[PDB]
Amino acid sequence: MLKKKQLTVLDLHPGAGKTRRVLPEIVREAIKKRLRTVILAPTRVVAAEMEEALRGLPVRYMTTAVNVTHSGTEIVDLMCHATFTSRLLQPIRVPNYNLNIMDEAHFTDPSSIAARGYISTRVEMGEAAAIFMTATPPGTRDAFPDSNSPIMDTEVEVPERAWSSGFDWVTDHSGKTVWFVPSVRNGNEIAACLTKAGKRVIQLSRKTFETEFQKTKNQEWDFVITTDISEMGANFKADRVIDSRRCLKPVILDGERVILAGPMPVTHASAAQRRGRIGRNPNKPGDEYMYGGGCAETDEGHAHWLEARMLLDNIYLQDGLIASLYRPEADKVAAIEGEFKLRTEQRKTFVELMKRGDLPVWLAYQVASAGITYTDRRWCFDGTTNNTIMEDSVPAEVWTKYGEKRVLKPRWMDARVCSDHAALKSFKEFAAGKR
């Protein structure tokens, strides 16, 4: 599969050994053939596991998840999906890799969709080879794939709020459970309910993943409450998955604002990945998968696909050519290639609002396309009254860089900036001119 002009989809079931068995073999072949290679990890936890499986081989780790001394003789680079897309957007020159390997190639974050589109366009052009590793490739309709050991699948009503009665099967369990919830706020309520009942609970989310995931290997626990971030390679020594089968979906209303719609059904790929956390030990059959709803294709019209088109329109490919999205996922957005292409100064602002500002892609695009400079924060305060960000049922207030107290009322409203305490705290600092 290491011949140019070819994209291979390695669709082995979860736990088949794509990362620890197949990946080192591919890397050995690539090094033997002198192919300049990139290995793309979804998260820093998967990058650290990749280092363990590739230990010894000459790989340059362009991540702070690994403390390795690079010898300067490596032709294989390893970085996160976001780092690849980030360096492509920045004026830093990215080598034209002969071989592009993406682990967990089902990841639906905007930068992972943009990386797949850039890589597949290069392959379509006959300029490179690529391998996409995932049990659930884009376009999968099977939520119950094969596993290392048999799994008990059980359709049951799963609590999405705290409960006093009616769900004995949840707490009358003597093993370890991984519970997928649609949001951090929903996870907090369920975790507080389990803690009140004498349970040891760890909570995981996109922002707190690195610190808290370490606790799953450092201490004993009864439950892990996680958002969909644990679908991307996170391993646990658990015997049960409780899956709400629900997710939050960012949606752009009338091209003017972003809302977090739902909770709504997960896609089949997400349900298969969530179920995939268990049934991984062939010596421990009978791990349980309790699911609380059905699947639907909620990736259609999801903002991440539009956001990925905003990223690719501002990545240089060849003269005025623009990368297309990877074909099985190109129908998820009604978009024209090049419609989000920005001029040089606005594009520089767009990059900075994402890289330094930490704003969602859609919100960074609104600000940059309006001709506003990175450091100009007047837009955080001059929106309509219906854009007032609320904190505990009362308007959120910040001290501006001018020393005044103002109501946070952004010109463009993106629900992701105030979806939880940590997101709102970060957006208040941005509005205050603190970064």
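Each residue number is its position in the shown sequence, starting from 1.
Quiz item: Do the C-alpha atoms of 207 to 215 or of 126 to 134 have the higher average B factor in the entry?
Solution: It is 207 to 215 that shows the higher mean C-alpha B-factor.
Practice problem: Read off the CA B-factors in the entry, average them over 234 to 242 and over 353 to 361, and name the higher stretch. | Solution: The stretch with the larger average C-alpha B-factor is 234 to 242.
Quiz prompt | Peak C-alpha temperature factor (PDB record), options 196, 161, 309, 249 | solution = Highest C-alpha B-factor among the listed options: 196.
Practice problem: Among the candidates 109, 313, 142, 77, give the one with the maximum CA B-factor reported in the record. | Solution: The C-alpha B-factor peaks, among 109, 313, 142, 77, at 142.
Practice problem: Rank-wise, by C-alpha B-factor, drop residue 84 into the lowest, middle or highest third of its chain. | Solution: It falls in the bottom third of the chain.
Practice problem: Would you mind checking where the Cα B-factor of residue 57 ranks among the modelled residues of its chain, as the lowest, middle or highest third? | Solution: It belongs to the highest third of the chain when residues are ordered by C-alpha B-factor.
Practice problem: Rank-wise, by C-alpha B-factor, drop residue 221 into the lowest, middle or highest third of its chain. | Solution: For residue 221, whose C-alpha B-factor we compare with every modelled residue in the chain, the answer is the highest third.
Practice problem: Could you say whether, by C-alpha temperature factor, residue 367 belongs to the lowest, middle or highest third of its chain? | Solution: It falls in the bottom third of the chain.
Quiz item: What third of its chain, lowest, middle or highest, does the C-alpha temperature factor of residue 414 fall into?
Solution: According to the entry, residue 414 has a C-alpha B-factor in the chain's lowest third.
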